[PDB]
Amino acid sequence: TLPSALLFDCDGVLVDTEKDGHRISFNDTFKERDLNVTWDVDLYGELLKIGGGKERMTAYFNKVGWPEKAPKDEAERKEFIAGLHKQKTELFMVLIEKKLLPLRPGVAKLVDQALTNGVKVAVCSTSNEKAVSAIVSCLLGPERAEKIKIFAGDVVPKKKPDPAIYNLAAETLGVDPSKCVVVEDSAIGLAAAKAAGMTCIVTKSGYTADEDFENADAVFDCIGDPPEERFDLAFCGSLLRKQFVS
């Protein structure tokens, strides 16, 4: 018996947004400005723990040194960082629009399995609506996008790990939560899903592989495409049958 709905997280599930999108936009900005700075995968992971985009650039330059092109004055440095971040933010949206952020393996396959088999599909994210809607429309394309309901940003007051986003999706779609499967990449998103009374499959992403997925119903490195498929729609349905303790 298939799920009534599949509910996908956006960042780390549909796309490896941080590793393959935000990090790239930082590097492309730095290159365009001739700063001679590159943030590779592992360093970027560390910088993700410091703060937001402006804060992690400030911390990085304070530690390693400011670029030769940067102003020396504290107020002018703050403006320089603001400019950099505005540029990075502009570029990241351009990257989506140009289709340069790849879907994760198996995403398009799984979405199409659902849509072709009468299973509802939604996306449930804390990210801003424009980016999430852009990811879906540009990267999954307009035919799929028309069928996919988006629940993002401030549509709920209580963000993950609160279940509000998942609950809203279930209510809106008109489906029983116990018949939904959520695909998440983070421990806090998993918490939201389980608190919503849903089955949750984790697909670890670039910066979440070491998080605590004990409460997940299944954990994988990705969804995958043949001939290296990790799971499919059928498996999502199978996973609805729980193994309780008699």
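Just count from 1 along the sequence shown to find any residue number.
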| property | result |
| --- | --- |
| Mean C-alpha temperature factor, higher of 66-74 and 201-209 | 66-74 |
| 180-188 versus 34-42 - which carries the larger mean C-alpha B factor in the record | 34-42 |
| Residue selected from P227, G12, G21, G237 by maximal Cα B factor | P227 |
| Maximum C-alpha temperature factor, selected from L110, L84, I96, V156 | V156 |
| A196, C-alpha B-factor rank within chain (lowest, middle or highest third) | middle |
| Ranked C-alpha temperature factor of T89 among modelled chain residues, by third | lowest |
| Ranked against its chain, the third holding the CA B-factor of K130 | highest |
| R144 CA temperature factor, ranked by third within the chain | highest |
